[PDB]
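Next up: a single chain in structure tokens, the form deposited in one PDB entry.
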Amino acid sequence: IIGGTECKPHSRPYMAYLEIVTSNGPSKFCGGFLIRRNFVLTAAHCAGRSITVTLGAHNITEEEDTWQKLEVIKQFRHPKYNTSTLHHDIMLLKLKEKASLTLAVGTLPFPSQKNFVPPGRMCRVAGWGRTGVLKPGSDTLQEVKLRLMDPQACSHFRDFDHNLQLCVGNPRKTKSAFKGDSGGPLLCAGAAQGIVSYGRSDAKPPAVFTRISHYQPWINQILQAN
């Protein structure tokens, strides 16, 4: 999270830190959120051979009682997930056991929106991602306020699609989501509306976020069958 501020410890109880294991490389990390006691929503590109979820965290370098490290038994990537266009970058992770509901760990009900969030509206995204282009990932959960842009603002991303994704982050500001924040939720009015997906390597906003609403039907499908 570039140009943001350190969250008030555990003020975002649904946040999930993800350590991802791959075959030919060191572990990678991503964000995500707890939508069910045993289900975490995140970005499809964050998929791996195996994944470990850590809920209730703030400073990920220091283990505390609020911590709940859980085993992921199954990774559900969207069937149409495309690595070249980056469309449908959404994944559901089913947990081994259900997490415990604490002050530091809870779910973020994938809502019920009466109307789509009009650009111009400010929303917020949190994460443990890099805080700059050549900066490392943050030890503590960062948070920043970003403006929902008109789809035109994301035109340069040749494969960006309004129906499928959200354009987030005013280009006139440096604030934005960055490497590492992927999988985290974008919250507008307290309701999850997006998932950090991608942006320019040089960090110039806007950034591309998956439009959750659009996949609500696929999400309920996976849930209902597992």
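From 1 onward, residues are counted along the sequence shown. What we label the rigid core is the largest C-alpha set whose atoms superpose within 1.5 Å from one form to the other. Residues that one form lacks are left out of the comparison.
Form deposited in another entry: not shown, discussed below.
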### Query
Rigid core as reference, CA moved 2 Å or more between the shown form and the other one - which of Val117, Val72, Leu108, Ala153?
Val117
### Message
Assuming the CA distance changes by 3 angstroms or more, are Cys188 and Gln113 closer together or farther apart in that other deposited form compared with the shown structure?
### Response
farther
### Query
Did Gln113 and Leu187 drift closer or farther in that other deposited form, going by a CA distance change of 3 angstroms or more?
farther
#### Entry: Shared-residue segments moving between the shown form and the other one, Cα shift 2 Å or more over 3+ consecutive positions, core-fitted
111-118
